[PDB]
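Before any questions on how it binds or moves, here is one chain, the form solved without its partner chain, in structure tokens.
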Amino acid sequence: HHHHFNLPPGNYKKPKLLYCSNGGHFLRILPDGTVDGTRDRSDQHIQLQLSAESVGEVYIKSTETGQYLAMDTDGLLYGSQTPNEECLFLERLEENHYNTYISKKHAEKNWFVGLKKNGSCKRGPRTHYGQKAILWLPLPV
């Protein structure tokens, strides 16, 4: 393992919203595959369904479009039509409260799912432990 194994509570029984306190945005996966953040709670593309492939490993999927969150070889987030190795994330507890999602494929490089204060996605290499951009809070739909 390249990372710790503290896991958050809760489960995957219901769809969730992923809220980033960094800028105060909900993770959004647009129909065209674009990924970003939005402060609009009524947005139809922020509803996500998480599922566990293995303990601590998850897929994050758009309930509206069916697309899977994924991080490409250059660290950019994108919506994938099908599940592949770039769609698996390590879901962990952080600061004894939040949820962090580390790219499983690039786990050794410490690439996290994260949003900047302006709601734009952070590129993998620009993220690291200790940032506010990587801290998520799952919220009911």
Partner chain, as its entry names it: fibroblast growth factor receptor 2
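Positions refer to the first chain, counted from 1.
**Q** For the higher mean C-alpha B factor in the entry, choose 88-96 or 36-44.
**A** That would be 36-44.
**Q** Quick one: higher average CA temperature factor, 71-79 or 46-54?
**A** Looking at the recorded C-alpha B-factors, 46-54 comes out higher on average.
**Q** Ranking the modelled residues of this chain by C-alpha B-factor as given in the entry, is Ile29 in the lowest, middle or highest third?
**A** Its C-alpha B-factor belongs to the middle third of this chain's values.
**Q** Select lowest, middle or highest to describe the third in which the CA B-factor of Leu135 falls within its chain in this entry.
**A** Lowest third of the chain for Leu135's C-alpha B-factor.
**Q** What third of the chain does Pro125 rank in for C-alpha temperature factor, lowest, middle or highest?
**A** Middle third by C-alpha B-factor.
**Q** By its CA B factor, does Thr65 count among the lowest, middle or highest third of the modelled residues in the chain?
**A** Highest third - that is where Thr65 ends up once the chain's C-alpha B-factors are sorted.
Missing here is the form solved in complex with its partner chain; even so, the following discussion is about that form.
**Q** Would you classify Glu94 as touching its partner chain in the bound PDB entry, given a 4.5 Å non-hydrogen atom cut-off?
**A** Flag for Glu94 set to yes.
**Q** Using a 4.5 angstroms cut-off on non-hydrogen atoms, would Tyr98 count as touching its partner chain in the bound PDB entry?
**A** So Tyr98 counts as contacting its partner chain.
**Q** Which residues, if any, of 24-38 lie within 4.5 Å of its partner chain in the bound PDB entry when only heavy atoms count?
**A** Those in contact are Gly24, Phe26.
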